[PDB]
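Residue-level listing of the chains:
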Protein chains: 2
Amino acid sequence: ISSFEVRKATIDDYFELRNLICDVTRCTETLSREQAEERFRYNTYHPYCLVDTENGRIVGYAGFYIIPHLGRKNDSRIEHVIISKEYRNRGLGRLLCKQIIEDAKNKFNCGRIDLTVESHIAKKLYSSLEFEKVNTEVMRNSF
Amino acid sequence: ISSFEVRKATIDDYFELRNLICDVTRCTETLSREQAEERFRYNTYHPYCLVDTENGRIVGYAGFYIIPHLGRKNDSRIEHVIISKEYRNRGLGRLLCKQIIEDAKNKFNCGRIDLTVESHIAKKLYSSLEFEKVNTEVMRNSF
Ligand SMILES: CC(=O)SCCNC(=O)CCNC(=O)[C@H](O)C(C)(C)COP(=O)(O)OP(=O)(O)OC[C@H]1O[C@@H](n2cnc3c(N)ncnc32)[C@H](O)[C@@H]1OP(=O)(O)O
Ligand SMILES: CC(=O)SCCNC(=O)CCNC(=O)[C@H](O)C(C)(C)COP(=O)(O)OP(=O)(O)OC[C@H]1O[C@@H](n2cnc3c(N)ncnc32)[C@H](O)[C@@H]1OP(=O)(O)O
Ligand SMILES: O=P(O)(O)OC[C@H]1O[C@H](O)[C@H](O)[C@@H](O)[C@@H]1O
């Protein structure tokens, strides 16, 4: 009977969000308030977090990004969806993304959502939400 | 001996860019002045065009997008790279990307640049610019 709420992440959650991402992810930097303010005020970046209502704690995070397109509805992407190791395999990853996916379709009027999966849990998550194989090749230049 | 210049695309170029972008890509819409103005004011979206200095025409386009990150240098992506059928295989595809790639590294302090490619010409261009194949799986939810 544990309550949860999906909500937009904020600057006041920076360090708790950073502890969640950097517990599972490749982190290299701790932002100042001026840098953090900059990244949160990029108007294409929509950080979602998932909160436990019982203890006010953030337990999930997902980064949603608008990719503007000229001549079509904007594209978008989901990167860095993370659920607290404690809370996994309970439907909160699905709960979080479904809120994202509906905001993309009808709140931001996007034409599509793109993502890279590389996981095993992840691929079975997004297939279950109508993400289908895209027949491209990803390439990366790392600095 | 034709001179060219890379510059940031602007609203005043909307219809000339749309004619260029929509020939190889899947366009569905032509934006109003308010929608177009809105998309040009997304502060992660850096539309690059390449102009023929001789005849003021836009002959190339590439979309550069910042992907904000918490705890790391920002990511970025290159989408919609096209050179006019007339101007190809002359080094203008490389010229455009190298300006972007240098602005990503040292103007926006990105950690990496991501992209998806499909045609042969394209993949050989970015491999020659230190893009390496990632071997992930791209998925899409299309609305
Ligand atoms: C940036 C990228 O490339 S995408 C991936 C980014 N982030 C990560 O992988 C972080 C590490 N992993 C996690 O945090 C979580 O496991 C996530 C985010 C992948 C999924 O979050 P969860 O809360 O565990 O997922 P949830 O409980 O909603 O289940 C999602 C679907 O995936 C499946 N699934 C979830 N966990 C597992 C598991 N351990 N084993 C097999 N299947 C699983 C489920 O079948 C589920 O569908 P179902 O409930 O109808 O059966
Ligand atoms: C992220 C994305 O946008 S991917 C989608 C790619 N965009 C498109 O396909 C739109 C249609 N095609 C084009 O607009 C252009 O052909 C581009 C953008 C792919 C390349 O632009 P160009 O101006 O022709 O490239 P440029 O003259 O700089 O040479 C690019 C490299 O690609 C290769 N290349 C170029 N043309 C060819 C060709 N006809 N056949 C084989 N290789 C070629 C070469 O290796 C060349 O390197 P080099 O000059 O050292 O020999
Ligand atoms: O899905 P489309 O809009 O038709 O795009 C086709 C796509 O081909 C490649 O993957 C490029 O990286 C994209 O920038 C381009 O848009």
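Residues numbered from 1 in each chain as written, not as in the entry; some residues may be left out. Chains lettered and ligands numbered in written order. Heavy atoms only, no water. Residues with missing side-chain atoms left out of burial classes, pairs and counts.

Structure determination for this entry, per the PDB record, employed X-ray crystallography and reached 1.950 Å resolution.

Visitor: If you had to explain the interface of chain B and chain A to someone new, which residues and values would you point to?
Guide: Counting residues at the interface gives 58 residues for chain B, matched by 59 residues for chain A. Note on chain B versus chain A: buried area summed over both sides is about 5800 Å², and carbon and sulfur give 56% of it. For the interface between chain B and chain A, the tally reads four salt bridges. Residue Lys133 of chain B is joined to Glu137 of chain A by a salt bridge in which the shortest nitrogen-to-oxygen separation is 2.9 Å. Applying the counting criterion to the chain B and chain A interface returns 40 residue pairs in polar contact. Where strand β5 (residues 112–116) of chain A and strand β7 (residues 138–142) of chain B come together, five bridges link them in antiparallel fashion. Bridged to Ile113 of chain A within β7 of chain B is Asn141 of chain B. (Contact = heavy atoms within 4.5 Å. Buried area = accessible area lost by both parts, 1.4 Å probe. Salt bridge = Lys/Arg side-chain N within 4 Å of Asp/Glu carboxyl O. Polar contact = N/O pair within 3.5 Å; in protein donor to acceptor, adjacent residues only side chain to side chain. Pairing = 2+ DSSP bridges. Helix = DSSP H or I, 4+ residues; strand = E, 2+ residues; numbered from the N terminus.)

Visitor: Tell me what's going on with the site of ligand 1, and back it up with residues and numbers.
Guide: All names here are of chain A. For ligand 1, the set of nearby residues contains 19 residues, the closest of which are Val81, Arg90, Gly91, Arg94 and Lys124. A distance of 2.5 Å is found between a nitrogen atom of ligand 1 and a backbone nitrogen or oxygen belonging to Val81. When isolated, ligand 1 has an accessible area of 990 Å², and the protein chains bury 74% of it. Take the shell around ligand 1: its biggest share by element is five residues, from helix α4 (residues 121–127). Looking at side-chain class alone, the shell around ligand 1 contains nine nonpolar, five polar and five charged residues. (Near = heavy atom within 4 Å. Areas by Shrake-Rupley, 256 points an atom, 1.4 Å probe, with all protein chains shown as cover. Nonpolar A, V, L, I, M, F, W, Y, C, P; charged D, E, K, R; others polar.)

Visitor: Quick rundown of the relation of the copies chain B and chain A? Include the residues and the values.
Guide: Note on the copies: chain B fits chain A at an RMSD of 0.5 Å, the axial shift is 0.2 Å, and the rotation between them is 180 degrees. When the rotation and shift are considered jointly, the pair of chain copies conforms to a two-fold rotation axis. The share of interface residues of chain B whose copies in chain A are also at the interface is 98%, consistent with both copies meeting through the same surface. (Least-squares fit on C-alpha atoms.)

Visitor: So, the nonpolar core: which residues are in play, and what are the values?
Guide: Ranked by size, the top nonpolar core spans 36 residues in total, and within it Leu17, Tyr45, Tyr61 and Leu70 of chain A together with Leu17, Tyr61 and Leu70 of chain B carry the most contacts. Of all elements in the fold, only α1 (14–24), α2 (33–40), β2 (45–52) and β3 (58–67) of chain A together with α1 (14–21), α2 (33–40), β2 (45–52) and β3 (58–67) of chain B reach the threshold of two or more residues within this core. Ignoring sequence-local partners within four residues, the contact set of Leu17 of chain A consists of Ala9, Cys49, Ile58, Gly60 and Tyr61 of chain A together with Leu70 of chain B. Counting 27 residues, the second largest nonpolar core, distinct from the first, contains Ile101, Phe108 and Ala122 of chain A together with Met139 of chain B. (Core = buried A, V, L, I, M, F, W, Y, C linked by side-chain atoms within 4.5 Å. Buried < 20%, exposed > 50% of the residue type's maximum accessible area, 1.4 Å probe, protein only.)

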